[PDB]
There are 2 protein chains.
Amino acid sequence: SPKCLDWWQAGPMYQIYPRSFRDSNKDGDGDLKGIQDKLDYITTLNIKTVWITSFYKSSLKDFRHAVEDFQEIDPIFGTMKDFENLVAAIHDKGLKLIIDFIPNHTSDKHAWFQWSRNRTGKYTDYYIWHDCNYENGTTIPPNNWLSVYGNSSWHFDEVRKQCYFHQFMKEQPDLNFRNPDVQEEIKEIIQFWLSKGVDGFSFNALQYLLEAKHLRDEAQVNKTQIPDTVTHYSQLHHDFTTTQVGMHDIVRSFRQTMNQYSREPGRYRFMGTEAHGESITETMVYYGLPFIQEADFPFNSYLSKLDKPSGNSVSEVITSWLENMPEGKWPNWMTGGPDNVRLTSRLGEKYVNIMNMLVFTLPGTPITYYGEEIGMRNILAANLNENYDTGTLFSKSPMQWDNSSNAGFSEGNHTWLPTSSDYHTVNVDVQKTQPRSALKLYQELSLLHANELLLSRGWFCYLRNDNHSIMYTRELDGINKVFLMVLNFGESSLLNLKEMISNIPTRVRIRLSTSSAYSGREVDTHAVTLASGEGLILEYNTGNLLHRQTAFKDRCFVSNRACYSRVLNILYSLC
Amino acid sequence: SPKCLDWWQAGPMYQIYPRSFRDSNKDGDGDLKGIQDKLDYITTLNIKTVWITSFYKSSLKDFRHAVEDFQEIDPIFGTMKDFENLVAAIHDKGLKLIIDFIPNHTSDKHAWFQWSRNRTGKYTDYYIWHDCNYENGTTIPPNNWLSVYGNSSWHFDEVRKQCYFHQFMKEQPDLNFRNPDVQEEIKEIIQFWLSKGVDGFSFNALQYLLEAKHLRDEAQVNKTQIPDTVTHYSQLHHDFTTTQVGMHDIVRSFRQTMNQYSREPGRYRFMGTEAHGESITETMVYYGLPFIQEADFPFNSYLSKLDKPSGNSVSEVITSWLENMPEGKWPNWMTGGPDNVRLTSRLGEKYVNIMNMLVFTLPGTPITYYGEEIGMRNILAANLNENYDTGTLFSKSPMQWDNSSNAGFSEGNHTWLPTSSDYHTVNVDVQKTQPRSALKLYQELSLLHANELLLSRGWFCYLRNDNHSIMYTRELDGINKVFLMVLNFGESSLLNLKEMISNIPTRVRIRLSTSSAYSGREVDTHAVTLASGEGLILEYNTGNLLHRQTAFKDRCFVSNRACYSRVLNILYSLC
Ligand SMILES: *[C@@H]1O[C@H](CO)[C@@H](O[C@@H]2O[C@H](CO)[C@@H](O)[C@H](O)[C@H]2NC(C)=O)[C@H](O)[C@H]1NC(C)=O
Ligand SMILES: *[C@@H]1O[C@H](CO)[C@@H](O[C@@H]2O[C@H](CO)[C@@H](O)[C@H](O)[C@H]2NC(C)=O)[C@H](O)[C@H]1NC(C)=O
Ligand SMILES: *[C@@H]1O[C@H](CO)[C@@H](O[C@@H]2O[C@H](CO)[C@@H](O)[C@H](O)[C@H]2NC(C)=O)[C@H](O)[C@H]1NC(C)=O
Ligand SMILES: *[C@@H]1O[C@H](CO)[C@@H](O[C@@H]2O[C@H](CO)[C@@H](O)[C@H](O)[C@H]2NC(C)=O)[C@H](O)[C@H]1NC(C)=O
Ligand SMILES: *[C@@H]1O[C@H](CO)[C@@H](O)[C@H](O)[C@H]1NC(C)=O
Ligand SMILES: *[C@@H]1O[C@H](CO)[C@@H](O)[C@H](O)[C@H]1NC(C)=O
Ligand SMILES: *[C@@H]1O[C@H](CO)[C@@H](O)[C@H](O)[C@H]1NC(C)=O
Ligand SMILES: *[C@@H]1O[C@H](CO)[C@@H](O)[C@H](O)[C@H]1NC(C)=O
Ligand SMILES: *[C@@H]1O[C@H](CO)[C@@H](O)[C@H](O)[C@H]1NC(C)=O
Ligand SMILES: *[C@@H]1O[C@H](CO)[C@@H](O)[C@H](O)[C@H]1NC(C)=O
Ligand SMILES: *[C@@H]1O[C@H](CO)[C@@H](O)[C@H](O)[C@H]1NC(C)=O
Ligand SMILES: *[C@@H]1O[C@H](CO)[C@@H](O)[C@H](O)[C@H]1NC(C)=O
Ligand SMILES: [Ca+2]
Ligand SMILES: [Ca+2]
């Protein structure tokens with residue numbers, strides 16, 4: 001008898017950017033009270049977890065953040081009581097809530113830093129201070145290290161008369177995780193939010209926690225370049241400021257703090273991490289070891305990087321994640337996020353449905369960014385008098401609920417960001433009346449994913465794939481039924497499935513289709529037609545399963561194998 | 001009720017260089033059968049653990065080693081049966097046996113390497129192979145990395161037509177610990193020796209297990225130096241070939257393999273490591289974490305580095321180890337070893353006794369190198385027709401047992417190394433007849449250390465120290481007795497102890513003294529005389545202990561605090 005799937009394994013996650021979900025008090029900024037009013041809509045999506053990005057008291061709301069108090073709410077989002085009412089409303093709905101945590105830096109207005117730049121007490125080495133020659137407005141940094149946004153990562157502080165370190169903007173001084181006073185502070189921040197009932201954290205920017213103690217220069221990517229023109233982050237090799245040797249042991253103490261709150265059954269606290277962008281073998285380290293426990297999964301954002309809808313492009317993201325993942329770990333598929341271009345603008349409107357069908361039929365936890373379920377798109381321009389990253393700001397446009405003032409988001413006259421011009425046709429109210437929309441298909445896949453027992457605990461055998469088409473099967477032993485997903489990223493195709501499967505009848509029934517005209521229509525596997533961005537979930541009966549054979553041992557995947565008993569009507573792991 | 005001390009915590013360790021202990025078959029090389037004949041002498045020293053350095057089948061017996069078979073014995077030392085008879089003899093004596101393990105490299109005659117240089121099967125990537133331009137006997141290495149003994153660490157292999165990596169000599173190709181086939185091989189070597197009854201391992205050269213995958217050049221210590229004259233290891237910064245990010249996780253899997261054999265009580269398997277030479281904060285990482293288990297202790301060889309007998313020199317080694325050590329860990333004190341100059345030649349013959357008294361009264365496990373108990377010294381010259389390191393060879397001279405042929409070591413005409421000329425006066429037989437010798441005092445400290453309950457579980461308060469004198473106290477709460485160790489590394493001293501302690505009577509009795517004339521003589525703490533290399537263990541009665549006060553909270557140390565009950569007659573941890 002195998003162990004039940006945890007709540008973070010069983011249902012999709014829904015990532016919300018709280019300043020753009022729903023506005024309650026007519027001021028143009030979303031708030032925690034507005035998320036509580038729309039909890040009913042989240043349960044129609046069969047969502048399991050709500051993931052709210054940062055809402056702490058912040059002096060900078062971008063550039064990975066500048067938090068002035070890790071135990072407070074920013075005023076625009078509400079108060080501490082408004083958050084406690086939201087958590088009670090989320091739990092009584094049967095949902096879970098995970099929140100963003102960034103432990104790397106603070107704001108230069110944090111009380112810890114105003115005490116540190118004065119050498120007040122034990123706060124003197126909460127940050128990384130160093131002597132640097134400064135005069136006439138010019139400073140000589142202790143080394144050639146560059147900030148992620150590009151300039152010397154050392155900044156002179158006139159009060160302390162030294163230089164402090166920052167990986168990000170100068171408003172974001174880096175905390176010193178080599179001393180144990182700072183790790184006790186972060187330990188107390190975790191315990192404060194886990195006490196309020198938060199079901200887990202998403203830790204971001206963990207690869208920047210530690211830097212080399214010797215403070216030696218980095219090696220330039222171009223060896224023969226004049227050292228005074230090195231100002232771009234991509235012009236250096238980052239061997240001393242990223243993923244130092246003691247970094248994963250700090251992450252493991254975060255996990256051990258969260259184990260104190262995850263003992264009682266039903267209240268396991270989730271831990272997730274932002275993946276290393278340029279390396280997938282460094283990402284799989286966060287999965288932990290057979291004897292050392294770490295993150296529950298690192299968030300896989302490699303599907304949200306693709307800017308060309310190709311068959312070989314998607315196929316490569318899938319196999320590379322499942323090949324490198326440790327043996328019995330849980331995959332996850334994130335097709336969009338706050339800092340990448342929305343799916344409709346990146347790939348095209350004809351690919352919205354095919355992409356919802358992909359992440360819901362792959363093995364693991366599908367993670368959904370708000371607006372992706374209705375085919376939302378990037379806004380073309382904005383006018384913001386606040387410090388934001390204009391390269392990534394346009395995917396945070398307010399949610400489109402109906403055809404009304406500000407797409408039914410604010411009920412005021414102004415919103416912090418403009419809504420898309422096509423909210424008259426693309427909105428939640430309109431899409432849930434028409435029979436086959438982007439929102440309707442999402443609700444059919446979310447419901448299918450919930451109660452199938454074949455998509456949640458079934459094997460995954462990835463069949464061959466020419467470009468422009470992806471095929472794979474989900475199957476469990478004692479079920480006598482398999483799902484066959486055919487996804488066509490090409491211009492068209494009329495392909496023969498009897499050649500490819502060799503385990504398929506001549507008449508199979510269509511369980512679901514993105515075009516949605518094939519409601520329950522049967523098809524003949526001799527000649528199946530796929531119209532350039534269409535996907536089918538075929539369902540039929542068979543005994544000879546694909547993973548039993550020796551030809552497919554290499555391309556079948558399962559997290560924890562468990563056969564099914566038609567007699568006893570239970571999963572059992574002995575098989 | 002606190003947990004009992006393990007066998008590696010309770011008694012001293014005795015390090016034996018097996019080729020120089022005792023020769024059985026007249027061939028001039030010590031063997032495992034010769035160690036079994038002298039087990040009686042090891043129990044007169046009250047030794048708990050025997051530590052035998054490497055004896056595997058080796059093509060190179062120095063330069064950290066070149067092993068041709070990790071599951072065989074070198075012929076000069078005996079056979080597999082001779083080892084099984086030695087382990088049975090060691091256990092039936094009540095002793096433990098730990099052995100050396102080096103997992104970094106092999107010999108170029110290993111079967112794994114003769115299969116790897118031919119690309120035979122899965123052995124093709126057991127080692128680190130790379131393409132390099134070779135012609136006319138000259139080779140262009142893949143980067144500027146240097147071997148520890150100084151030259152390019154890449155060597156061209158004519159059969160494979162590539163370059164292989166070696167941190168040490170070219171006869172020692174480095175294993176590839178990034179693939180899992182090699183870590184399964186080392187896992188099976190550990191299980192093979194733990195099955196034979198070996199009670200633990202000493203892992204050496206663990207900081208060299210991993211190297212950077214990118215193979216980028218190191219940074220020169222002298223930035224403006226011509227790159228073709230960089231041939232010394234000390235001319236580079238070793239950021240890519242030493243202590244890479246995944247190294248401690250490989251050590252932790254070694255520990256987890258040894259936990260399968262350490263479950264039954266009385267048979268815990270010890271794990272020790274060779275310390276990082278130039279850094280003490282990197283050494284304390286091997287102690288592990290509160291939640292991740294690693295080495296039981298890293299071997300502290302900082303006492304064996306001192307080449308000047310100074311009071312401030314010894315005092316600095318002691319405080320730096322106890323300050324940086326994690327909270328409840330076990331210290332260890334190694335005053336000599338196979339690769340450093342013996343204690344008599346490094347400091348002087350007048351400092352042999354004072355150094356035995358130091359490591360036996362400090363808190364932790366004292367580790368003894370064979371010959372140190374009788375005041376052995378380095379030989380002046382040798383004539384070896386084998387590849388050895390002449391800089392460190394002279395501390396491996398054969399053990400001096402009596403005034404006979406070859407100091408009673410071989411019973412043959414030749415020995416692999418000559419014995420010291422002064423074996424007529426310095427030998428075990430002579431020293432155990434005269435009343436107060438180096439061997440006699442060692443047996444009194446070893447016996448005192450065994451059954452005292454104050455030196456094994458007592459606090460350690462390090463009192464003030466002018467140069468030329470070291471004072472410290474060992475005390476437990478419910479015992480009503482304290483030991484006061486006065487060690488004089490200066491030229492002479494007549495010091496007043498009533499000024500320094502303020503808890504001491506005017507008449508205290510001498511428990512032990514290196515000069516040994518003070519057998520049971522009482523002394524007056526008004527004027528105590530110490531003759532330039534003398535040490536006293538003073539013993540008296542008091543109630544107001546030194547660690548109870550607030551002035552000494554900073555300079556008292558204990559591994560696991562536990563008071564003593566005069567009524568119940570047990571240690572209890574609630575105090
Ligand atoms: C580093 O910081 C400076 C701070 O001013 C940035 O400034 C640019 O400076 C050049 C001339 O020195 C101007 O032509 C640019 O207009 C400045 N930038 C802006 C946005 O006004 C500089 O860009 C930074 N280096 C980076 C980001 O690589
Ligand atoms: C690395 O940088 C050097 C110098 O910046 C580049 O070499 C050329 O140097 C001359 C100097 O007189 C410049 O006029 C050229 O513009 C430089 N070339 C380029 C492409 O910038 C060298 O090419 C750089 N290496 C690269 C770009 O790989
Ligand atoms: C690197 O390896 C070479 C291999 O020969 C070592 O050789 C020395 O070479 C110089 C001239 O090239 C001779 O004068 C020396 O006598 C050679 N050494 C010996 C021991 O004979 C060289 O020393 C090595 N580099 C080191 C060890 O730093
Ligand atoms: C680093 O190396 C350079 C060059 O090897 C040293 O600079 C001097 O360079 C001239 C070149 O004409 C030599 O004649 C001198 O002998 C070099 N000086 C020395 C001390 O070797 C530079 O000094 C070195 N840096 C050090 C040793 O810190
Ligand atoms: C700055 O320093 C002064 C004196 O050094 C101190 O009185 C003041 O409280 C400090 N400011 C802060 C914000 O700690
Ligand atoms: C003052 O600033 C100028 C900038 O042109 C600089 O060259 C000079 O060294 C500075 N001198 C002092 C004393 O700060
Ligand atoms: C949507 O809103 C517009 C303006 O508010 C209105 O004219 C239109 O009738 C609405 N749509 C429907 C279906 O009622
Ligand atoms: C919003 O602004 C409009 C004019 O811009 C004004 O007529 C209206 O009263 C405002 N609404 C609120 C709630 O203040
Ligand atoms: C060397 O290679 C040949 C053929 O490639 C093979 O027959 C031989 O066994 C190899 N030698 C060793 C020691 O494996
Ligand atoms: C041969 O060796 C000489 C060494 O003087 C070298 O200069 C030359 O490049 C080499 N040529 C070939 C073809 O190996
Ligand atoms: C030690 O050995 C020498 C030579 O074997 C011998 O002359 C001497 O008497 C021995 N010492 C004692 C105390 O017997
Ligand atoms: C040792 O060598 C000597 C001469 O060097 C010889 O007389 C003696 O017999 C040898 N001993 C043995 C055991 O071979
Ligand atoms: Ca940092
Ligand atoms: Ca290695």
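Per the deposition metadata, cryo-EM was the technique used to determine this entry, at a resolution of 2.68 Å.

### A few points about the environment of B:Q167
Residue and element names in this part refer to chain B. Along the polypeptide, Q167 turns up in the loop between β10 (162-165) and α6 (180-195). What makes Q167 buried here is its relative accessible area of 0%. When near neighbours in sequence (up to four residues on either side) are disregarded, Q167 contacts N104, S147, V148, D174, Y208, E211 and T241.

### A closer look at helix α6 (residues 180-195) of chain A
Helix length check: α6(A) (16 residues) gives 23 Å between terminal C-alpha atoms against 22 Å at 1.5 Å per residue, within 8%. Residue A:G197 follows α6(A) closely and has a positive phi angle near 100°.

### Here's the deal with the interface of chain A and chain B
Facing the 17 residues of chain A at the interface are 17 residues of chain B. The contact between chain A and chain B buries some 1,300 Å² in all, and 61% of this surface belongs to carbon and sulfur atoms. For chain A, the biggest contributors to the area lost against chain B are A:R216, A:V245 and A:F291; these three give 35% of the whole. Inspection of the chain A/chain B interface yields 4 residue pairs in polar contact. With 4 residues, helix α7 (residues 247-259) of chain A is the single largest residue contributor to the side of chain A that touches chain B. Of the residues belonging to the side of chain A that touches chain B, the class tally is 5 nonpolar, 7 polar and 5 charged.

### Quick word on the relation of the copies chain A and chain B
Of the two same-sequence chains, chain A is brought onto chain B (RMSD 0.0 Å, axial shift 0.0 Å) by a rotation of 180°. The transformation just described matches what one would write down for a two-fold rotation axis. Relative to the rotation axis, the C-alpha of A:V245 is the closest in chain A, positioned 2.2 Å from it.

### Focus: the coordination of the calcium ion (ligand 14)
All names here are of chain B. In this structure, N104 (OD1), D174 (OD), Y208 (O), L209 (O) and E211 (OE) serve as the protein donors to the calcium ion (ligand 14), at separations of 2.5 to 2.7 Å. Each donor residue of the calcium ion (ligand 14) belongs to the same chain, and together they define the spacing N-x69-D-x33-Y-L-x1-E. Here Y208 lies in the loop between β11 (200-203) and β12 (219-220) and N104 lies in the loop between β5 (96-101) and α5 (111-116), a separation of 104 residues in the sequence. In this structure, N104 and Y208 share a single accessibility class: buried.

### Details of helix α4 (residues 80-92) of chain B
All names here are of chain B. The terminal C-alpha atoms of α4, which comprises 13 residues, lie 19 Å apart, in line with the 18 Å expected from a rise of 1.5 Å per residue. Residues of α4 that are buried: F83, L86, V87, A89 and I90. Down the axis of α4, the buried side of the element spans an arc of 165°, and every buried residue falls inside it. Seen from the open side of α4, the exposed residues pointing more than 90 degrees away from its buried face are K81 and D92. Where the residues of α4 are buried, they touch α2 (32-37), α3 (39-43), β2 (49-52), β4 (66-73), β5 and α6. Phi for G94, located one or two positions after α4, is positive at around 85°.

### Looking at the side chain of A:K396
In this fold, A:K396 is placed in the loop between β17 (365-369) and α11 (428-431). The contact partners of A:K396, leaving out residues within four places of it in the chain, are A:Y17, A:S20, A:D62, A:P338, A:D339, A:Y369, A:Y370, A:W416 and A:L417.

### Observations concerning the coordination of the calcium ion (ligand 13)
Around the calcium ion (ligand 13), the donor atoms from the protein are A:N104 (OD1), A:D174 (OD), A:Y208 (O), A:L209 (O) and A:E211 (OE), and they sit 2.5 to 2.7 Å away. Read in sequence order, the donor residues coordinating the calcium ion (ligand 13) give the pattern N-x69-D-x33-Y-L-x1-E.

### Here we look at the environment of B:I98
All names here are of chain B. Position of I98 relative to the elements: it lies in strand β5. With 174 residues separating them along the chain, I98 and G272 place their C-alpha atoms 9.4 Å apart. When neighbours within four sequence positions are excluded, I98 is seen to be in contact with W7, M13, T49, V50, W51, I52, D199, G200, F201, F270 and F299.

### Focus on the sheet that holds strand β11 (residues 200-203) of chain A
All names here are of chain A. With respect to topology, 8 strands assemble into an open sheet ordered β15-β14-β11-β5-β2-β1-β17-β16, the strand pairing being parallel. Pairing within the sheet leaves two strands with one partner each, and these edge strands are β15 (297-299) and β16 (332-334). This sheet shows a mean twist of 25° between the axes of neighbouring strands, independent of strand direction. Bridge count between strand β14 (residues 270-274) and β15: 3 bridges; the pairing is parallel. Opposite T273, over in β15, you have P298 as the bridge partner.

### A word on the state of the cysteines
Taken as a whole and assessed by the stated rule, the structure comprises 6 disulfides over all chains. Residue A:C132 pairs covalently with A:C163 via a disulfide, S to S 2.0 Å. Of note, the bridge from A:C132 to A:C163 carries an S-S torsion of about 95° and is right-handed in sense. Linking A:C132 in the loop between β6 (129-130) and β7 (133-135) with A:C163 in strand β10 (residues 162-165), this pair joins segments that are 31 residues apart in sequence. Per residue, the accessibility class of A:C132 equals that of A:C163, and both read buried. The side chain of B:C563 participates in a disulfide bridge whose partner is B:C575; the two sulfur atoms lie 2.0 Å from each other. On the sign convention where negative is left-handed, the bridge of B:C563 and B:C575, at about -50° about the S-S bond, is left-handed. Here B:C563, found in strand β27 (residues 563-564), pairs with B:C575, found in the segment after β28 (571-572); they are 12 residues apart in sequence, far enough to count as distant.

### Thoughts on the pattern of salt bridges
Within the structure shown, the criterion is met by 52 salt bridges over all chains. Close ionic contact of A:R19 with A:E386 constitutes a salt bridge, the shortest N to O distance being 3.0 Å. Within this pair, whereas A:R19 is found in the loop between β1 (13-16) and α2 (32-37), its partner A:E386 is found in the loop between β17 and α11, the two being separated by 367 residues in sequence. By relative accessible area, A:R19 is classed as buried at 4%. Among the ionic pairs, B:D199 bridges to B:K96, the shortest N-O distance being 3.9 Å. Of this pair, B:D199 sits in the loop between α6 and β11 while B:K96 sits in strand β5, placing them 103 residues apart in sequence. Taking the relative accessible area as the measure of exposure, B:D199 reaches 0% and is therefore buried.

Procedures and definitions
Residues numbered from 1 in each chain as written, not as in the entry; some residues may be left out. Chains lettered and ligands numbered in written order. Heavy atoms only, no water. Helix = DSSP H or I, 4+ residues; strand = E, 2+ residues; numbered from the N terminus. Buried < 20%, exposed > 50% of the residue type's maximum accessible area, 1.4 Å probe, protein only. Contact = heavy atoms within 4.5 Å. Expected span 1.5 Å × (residues − 1). Buried area = accessible area lost by both parts, 1.4 Å probe. Polar contact = N/O pair within 3.5 Å; in protein donor to acceptor, adjacent residues only side chain to side chain. Nonpolar A, V, L, I, M, F, W, Y, C, P; charged D, E, K, R; others polar. Least-squares fit on C-alpha atoms. Donors = N, O, S within 2.8 Å, 3.2 Å for Na, K, Ca; no water. Arc of directions from axis to C-beta. Pairing = 2+ DSSP bridges. Axes fitted to C-alpha atoms, helices over the stretch in contact; angles between N-to-C directions. Disulfide = S-S within 2.5 Å. Salt bridge = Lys/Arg side-chain N within 4 Å of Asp/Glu carboxyl O.

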